[PDB]
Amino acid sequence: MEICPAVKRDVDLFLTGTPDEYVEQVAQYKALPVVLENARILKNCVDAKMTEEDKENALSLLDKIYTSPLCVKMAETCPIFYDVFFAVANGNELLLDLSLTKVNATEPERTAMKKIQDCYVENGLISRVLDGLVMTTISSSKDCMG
């Protein structure tokens, strides 16, 4: 089934919002100081590491995910998104690659997504409380559960 719009919004802001716009949006779901602190580290990293072209390619890849049969035609909410998102957040390069292949990622798209994964990995955020909590919280919100 299609992704919850609140989830798509969170990823869009993550990529295209200002740091404040993103972190404040996170704070609406989970206002733990550590979560907000980690969210800002991550967001500052993606802004610095990704060019405009990189962001454009991330967005086109995400559009491929949201429109994939492996997202839409499945019984539950957009399963391939969650596979990709959690591979990114926890630095699983193997599963990320496999999952990007399932949605016909271009090389520039793959490069863009790997930069986001690098921001989790290089800042030591794999074993930190962040997007497992935030993404679970958005996805299970009353907004999404309709």
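Start at 1 with the first residue shown and count on from there.
Looking at mean Cα B-factors across 76-84 and 94-102, the upper value is held by 94-102. Comparing 54-62 with 116-124, the stretch with the higher mean C-alpha B-factor in the PDB entry is 116-124. Among the modelled residues of its chain, residue 129 has a C-alpha B-factor that falls in the highest third, as given in the PDB entry. Sort the modelled residues of the chain by CA B factor and residue 1 lands in the middle third.
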